[PDB]
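Student: Whatever this is, show me its structure:
(chains A, B, C and D, ligands or ions: 4)
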Amino acid sequence: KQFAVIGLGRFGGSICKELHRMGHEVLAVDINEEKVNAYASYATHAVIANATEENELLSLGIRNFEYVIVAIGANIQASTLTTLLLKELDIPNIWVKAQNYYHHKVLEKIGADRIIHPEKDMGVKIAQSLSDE
Amino acid sequence: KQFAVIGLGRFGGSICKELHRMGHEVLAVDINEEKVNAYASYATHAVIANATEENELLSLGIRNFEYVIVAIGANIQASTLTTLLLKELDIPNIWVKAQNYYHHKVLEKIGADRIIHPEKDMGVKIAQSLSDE
Amino acid sequence: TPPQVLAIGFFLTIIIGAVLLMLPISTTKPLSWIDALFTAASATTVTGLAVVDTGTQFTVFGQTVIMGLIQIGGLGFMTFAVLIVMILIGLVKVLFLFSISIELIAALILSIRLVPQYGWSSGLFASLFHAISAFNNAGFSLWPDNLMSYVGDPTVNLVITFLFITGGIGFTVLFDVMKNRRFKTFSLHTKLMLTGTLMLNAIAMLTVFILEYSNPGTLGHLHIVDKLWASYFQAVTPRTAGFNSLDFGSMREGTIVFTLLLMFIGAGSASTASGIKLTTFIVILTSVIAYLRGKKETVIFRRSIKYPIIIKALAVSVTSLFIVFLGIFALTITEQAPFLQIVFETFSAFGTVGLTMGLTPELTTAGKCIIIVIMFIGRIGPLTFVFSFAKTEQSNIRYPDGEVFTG
Amino acid sequence: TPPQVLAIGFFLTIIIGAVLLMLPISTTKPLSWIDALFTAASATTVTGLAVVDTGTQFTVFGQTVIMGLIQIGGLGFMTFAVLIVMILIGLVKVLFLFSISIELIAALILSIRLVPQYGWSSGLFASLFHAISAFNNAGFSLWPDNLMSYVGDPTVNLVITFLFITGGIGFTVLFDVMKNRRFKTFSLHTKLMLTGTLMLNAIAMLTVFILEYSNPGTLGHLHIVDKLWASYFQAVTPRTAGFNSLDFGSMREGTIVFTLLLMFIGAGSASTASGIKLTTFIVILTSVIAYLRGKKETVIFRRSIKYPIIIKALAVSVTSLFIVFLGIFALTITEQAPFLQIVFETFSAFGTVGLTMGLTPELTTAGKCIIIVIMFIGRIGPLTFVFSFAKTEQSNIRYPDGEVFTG
Ligand SMILES: Nc1ncnc2c1ncn2[C@@H]1O[C@H](COP(=O)(O)OP(=O)(O)O)[C@@H](O)[C@H]1O
Ligand SMILES: Nc1ncnc2c1ncn2[C@@H]1O[C@H](COP(=O)(O)OP(=O)(O)O)[C@@H](O)[C@H]1O
Ligand SMILES: [K+]
Ligand SMILES: [K+]
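Tutor: Numbering: from 1, shown residues only, chains lettered A, B, ... in the order given. Ligands and ions are numbered 1, 2, ... in the order given. Now the structure:
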């Protein structure tokens, strides 16, 4: 019921739209103003903020959210830095989207609860569908 | 008495300041807003406009000015395009600042009354000063 | 031309309506040229100010003409207001069907109360006339006393108030409420109108009840239940229907002063109301409070308001006050009347409310002409009217910044 | 705290001045507590409203205390206004020397006219008192009739008008004129004040002369030369000196209505005047006209005005009107007075002008308290006063844009 998604892109935006359809309260935060306006109606709360600043994260109230999904793409440093800040806020579950194998290793060692690799993870279940078909 | 300077840079800004000291009416036009604000007090009229658009040139009233100095630097296409527009406005005297030898040739053939090469032209008079000294 | 059609269209309607009342079949007694023009202008630019009583001056045919002008004037602006909002006759028929349907059912409810008292013929025309007048925020009444005899009648108060509250808020608000039905999913504008109307009416009802409680002329010689009805009615009628249940001329000056602000802010945007709208007042009020608190942006209902909205809200407010100031200045020179009545008349005329304190009948020929201009400008809107008759040239030259001390 | 010192400082001056007039040496006859507080507040927050005549109530020592409060109040705000402008006691001494020098020479010129009539002792204190009062835009007069006996005296009219015109425009304007001496080299603000004052005074002088020409009470039983002086004086005194040459209570209502706007727009910025200043009125007026003409920016005097200047000008204007509206609303409930006098009193008190029409002496105890608050808030400024007693928290979070219809 209490979910937060950081980064409204192809992967992050899809999570907000799907969660909103199921009837869940989702907080969407993104630096780009156009992304927040587009997903303003698809999220319970839409915020234009920078996730790499610890002062803004406290203003949003991320510590309240049990699940935080960091879906920042094409900016690996922002994704790595955001998750490191979230552990200081003792977030119980942090789900991070990885970009490559090296980024996957860094996120694992800095304390990411679950690492998502949308291109690689989709292949291993498309292949599973082929066997079942 | 009726002078117009286009491009408020190191070369264009120096002309406006020197002419203003001598007591002449100078119109300063530049795309950059910071340059126009800085030279607003050093010019009789300061305008934020683009010299490559023929519609804006007519609004300023360049056809009234007998002498127009095109001091656009680091943007050779803007300098070349501006002087070509000015000849359509039958400007009597057009003084243009050149960037290199190839730009000097192009300006000469498109009808520039006087071509100024500040780096090269200063050398030929510094050398003259050495002989006289 | 896009905003010029509305200005020309209302002008054509007024003159056609004015000459339609000149025939010796609409009015029993002869009517002067200025009064017919004023009556047509008040009906077309739907305000409700009357120099002559509708019942005692016009006949059944004449009252039908007034009913036609109110419906045409109220719907003509309402359709264009919706079109202006969406841009900046498929839709017209939808609004016409909705307006007729709600007015028809309201007349049937009003018929249960009026036809047992006035008769089958008299009670059905009166119910239909008030249903049309109330929904379009007109305030016209066939009876010599404007709803003053039905202060304590729940049927008259509830049905009529529902008509100019539903027709007061914008049609976008009505569409959004029925399409979404969840307050969390309403638009920012819809949430401003629904929340603003409840807060503004509650404050107005409290102010009228407290100030007029001890007044012998109004709200004093009434039962406690009737006091609530009159206070409730007099709080929602200033924006912008202008129906009466108490004599505004015998009210306290403090109530009149508060009514001046109440009828300058009007109601919904794309609707039958006029006057800086409610959202404009809220946008300005919240923008100033944010500036005083140091906020870099205006935030309300978890949203943000951009500078073009802020300046447009502030531009229409100052322009409206300047027009009202000119009207008061013009009327003081022309009319030899008490100042409070002149100010109340000008705000009512500009906001197209129609409330008055013993001044509209006694206006001179020149005074009536000023009110007609004020009513026309207020109905059209200061921004819309200027664009019709102003030369337009989009500038393409920027200038160096200048420092101006506005402290 | 930076704007809180001025609010606290004036409060300390008023209470010190109020108790200083309580001694049985300043006033011949006993003075009530509220009148002394009102007199001190009017002198400190330099407005000129008087519940008791200065000459017939206070003695030479008492009038000296009033003279001290005017000089301290006028210079105290003027120095801080200049400091606020430059930020957003070396300078204080320069302003004090300039203010004393111009007032001293003016008193000497006035002494040529007053001491032949009142005497060496009486004529020198009166000339000095009026020189101090006029330069600081006070309007206090020792004589029972405020300059009404010198309507046609060129020496009194010219010298006194020059004092509150020089002291009315900002000290930045005075510095810029003497430093540059060329209109082409003046700042944008300086060119707005010099051009605006000439245009505004000319329009005001024409309006007063035309409207009051046939009035028997004022401007009617006077010579043609005296009509020009009275019209000229009554056009420049509303902003913001508040000196009199004609009875405002016997003027036409149209003249009073125009005076309401005249003393709302006040005068210059960093000076002894108060009210939305002129530049604010010009900035708003030109910004709206540019919007109506479709201009993307506000351009005046070959310069450009940025949005923060536009919104600040519009924010102070609406805030000032809201405070004036609250004052009129409060006075109507409290004071049982004609509405026109109440409106004129509130605008005069807020603008610290001091002009009145037979209302200040007859105010009740509660009515006087409201005026003191209105005078204090208007002198400090709605924006400056709020910042003193408002919690400040700079926001660092942006929100998605929302669409609001402000039509
Ligand atoms: N520091 C940051 N804080 C919050 N959001 C960010 C930050 N940096 C980037 N983003 C958002 O993350 C999104 C990443 O999208 P993109 O790079 O297109 O890949 P994907 O759509 O797969 O996530 C961008 O839309 C951007 O707005
Ligand atoms: N299209 C244009 N129209 C007018 N002014 C221009 C245009 N393009 C560039 N300029 C101005 O010309 C100036 C050139 O300055 P710069 O490139 O630093 O060399 P210099 O100072 O020697 O002229 C810039 O400051 C710029 O603002
Ligand atoms: K109405
Ligand atoms: K004064």
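Student: what about stretch C:346-355, start to end distance?
Tutor: One end of stretch C:346-355 sits 10 Å from the other (C-alpha to C-alpha, to the nearest Å).
Student: Okay, and the closest residue to residue A:49 other than its chain neighbours sits in which element?
Tutor: Spatially, and ignoring its direct neighbours in sequence, residue A:49 is nearest to residue A:56 (4.4 Å; C-beta to C-beta, 6 or more residues apart in numbering or on different chains). Any C-beta I mention is one placed from the backbone N, CA and C, and that applies to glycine too. According to DSSP states H and E, residue A:56 maps onto helix A:54-60.
Student: which residues touch residue A:76?
Tutor: A:99, A:103 (C-beta atoms under 8 Å, 6 or more residues apart in numbering or on different chains).
Student: interface residues of the stretch 251-400 of chain C facing chain A?
Tutor: residue C:302 (C-beta under 8 Å from any C-beta of the partner chain).
Student: For the residue in the stretch 251-400 of chain C that ligand 2 sits nearest to, give me its contacts.
Tutor: At 11.8 Å from ligand 2, residue C:398 is the closest residue in the stretch 251-400 of chain C, using C-beta to the nearest ligand atom. Taking C-beta under 8 Å, 6+ apart as the criterion, residue C:398 is in contact with B:33, B:36, B:47-49, D:297, D:304.
Student: Make a PyMOL selection of the buried ones in those residues.
Tutor: In PyMOL, this line selects whichever of the contacts of residue C:398 come out buried by 16 or more other C-beta atoms under 10 Å in any protein chain shown:
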select buried, (chain B and resi 36+47+48+49) or (chain D and resi 297+304)
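Student: which of the contacts of residue C:398 lies closest to residue D:407?
Tutor: residue D:297 (22.6 Å; C-beta to C-beta).
Student: Residue D:304 is in contact with that closest one, correct?
Tutor: Yes - Residue D:297 sits in contact with residue D:304 when judged by C-beta atoms under 8 Å, with a separation of 5.5 Å.
Student: For residue 25, grab phi and psi.
Tutor: If you meant another chain, say so; for now it's chain A. phi -80, psi 120 (degrees, to the nearest 10).
Student: How many residues are close by the closest residue to it other than its chain neighbours?
Tutor: Nearest residue to residue A:25, sequence neighbours excluded (C-beta to C-beta, 6+ apart): residue A:44, at 4.4 Å. Residues within reach of residue A:44, counting by other C-beta atoms under 10 Å in any protein chain shown, total 16.
Student: and residue C:347, how far is that from residue B:106?
Tutor: Residue C:347 is 68 Å from residue B:106, where distance means C-beta to C-beta, to the nearest Å.
Student: Which stretches in chain A count as strands?
Tutor: Ranges of strands in chain A, per DSSP state E, are A:2-6, A:25-30, A:45-48, A:67-70, A:93-97, A:114-116.
Student: Could you count how many residues lie near residue 25?
Tutor: No chain in the question, so chain A it is. 14.
Student: actually it's chain C I care about, not the one you picked
Tutor: 13.
Student: Look at it and tell me its secondary structure.
Tutor: The local conformation at residue C:25, judged by DSSP: H, G, I helix; E, B strand; the rest coil, is coil.
Student: so who does it touch?
Tutor: Residue C:25 touches C:59, C:61-62, counting by C-beta under 8 Å, 6+ apart.
Student: starting at the chain centroid, how far to the helix of greatest length in chain A?
Tutor: Scanning chain A for the longest helix, with DSSP state H as the assignment, gives helix A:118-132. Chain-centre distance of helix A:118-132: 22 Å, with C-alpha atoms, centre = their mean, to the nearest Å.
Student: If I take it and strand A:93-97, what angle do their directions form?
Tutor: Here helix A:118-132 runs at an angle of 90 degrees relative to strand A:93-97 (axes from the mean of the first three to the mean of the last three C-alpha atoms, to 10 degrees).
Student: got a list of contacts for helix A:118-132?
Tutor: The set of residues external to helix A:118-132 that reach it, using C-beta under 8 Å, 6+ apart, is A:11, A:97.
Student: picking that back up, the residue nearest to residue A:49 against residue A:85, yeah?
Tutor: No - counting by C-beta under 8 Å, residue A:85 is not a contact partner of residue A:56; they are 10.0 Å apart.
Student: Just give the nearest non-adjacent residue to the residue of chain A found nearest ligand 2, would you?
Tutor: The nearest approach of chain A to ligand 2 comes at residue A:33, 28.2 Å away (C-beta to the nearest ligand atom). Closest residue to residue A:33 apart from its sequence neighbours, by C-beta to C-beta, 6+ apart: residue A:48 at 5.4 Å.
Student: Next: residue C:358.
Tutor: residue C:249 (4.7 Å).
Student: coming back round to it: more neighbours: residue C:347 and residue B:106, which one.
Tutor: Each of residue C:347 and residue B:106 has its neighbours counted (other C-beta under 10 Å); residue C:347 has more, 26 against 17.
Student: ok, now which ones touch that one?
Tutor: Each residue near residue C:347 by C-beta under 8 Å, 6+ apart is listed here: C:260, C:263-264, C:324, C:353.
Student: now, the most widely separated pair of those residues?
Tutor: So, the contacts of residue C:347 by C-beta to C-beta: farthest apart are C:324 and C:353, at 12.5 Å.
Student: Run through the strands of chain C in chain order.
Tutor: For chain C, applying DSSP E gives strands covering C:298-300, C:303-305.
Student: Return the list of helices and strands in contact with the last one.
Tutor: Using 3 or more C-beta pairs under 8 Å, 6 or more residues apart in numbering or on different chains; DSSP states H and E as the contact test, the elements touching strand C:303-305 are helix C:278-292, strand C:298-300.
Student: The shortest one pairs with which strands?
Tutor: If I follow you right, that is strand C:298-300. Here strand C:298-300 is paired, per DSSP bridges, with strand C:303-305 (antiparallel).
Student: which other residues reach the strand it pairs with?
Tutor: C:188, C:283, C:286-287, C:297-299, D:398-402, D:404.
Student: OK, contacts around the most centrally placed residue in chain C?
Tutor: The residue lying closest to the centre of chain C (C-alpha atoms, centre = their mean) is residue C:240, at 3.0 Å. Neighbour list for residue C:240: C:137, C:164, C:168, C:263, C:266-267, C:272-275, C:351-353 [criterion: C-beta under 8 Å, 6+ apart].
Student: Of all pairs in the residues you listed, which one is the farthest apart?
Tutor: C:263 and C:272 (14.4 Å).
Student: More neighbours: which of the two?
Tutor: Between residue C:263 and residue C:272, residue C:272 has the larger neighbour count (other C-beta under 10 Å), namely 30 against 25.
Student: Am I right that the more buried one is in contact with residue C:74?
Tutor: Yes - in this structure, residue C:272 is within contact of residue C:74 by C-beta under 8 Å, at 4.7 Å.
Student: which residue ranges form the helices in the stretch 251-400 of chain C?
Tutor: Applying DSSP state H, counting those that start in this stretch to the stretch 251-400 of chain C gives helices spanning C:253-262, C:278-292, C:307-334, C:339-350, C:365-380, C:382-388.
Student: and those, which is most packed in?
Tutor: helix C:339-350 (a mean of 25; mean count of other C-beta atoms under 10 Å in any protein chain shown).
Student: how many other residues sit next to the closest residue in space to residue C:44 that isn't next to it in sequence?
Tutor: Distance criterion C-beta to C-beta, 6+ apart; nearest residue to residue C:44, sequence neighbours excluded, is residue C:73 at 4.1 Å. The local packing of residue C:73 (other C-beta under 10 Å) involves 28 other residues.
Student: where's residue C:73 relative to residue D:296, distance?
Tutor: In terms of C-beta to C-beta, residue C:73 sits 35 Å off from residue D:296.
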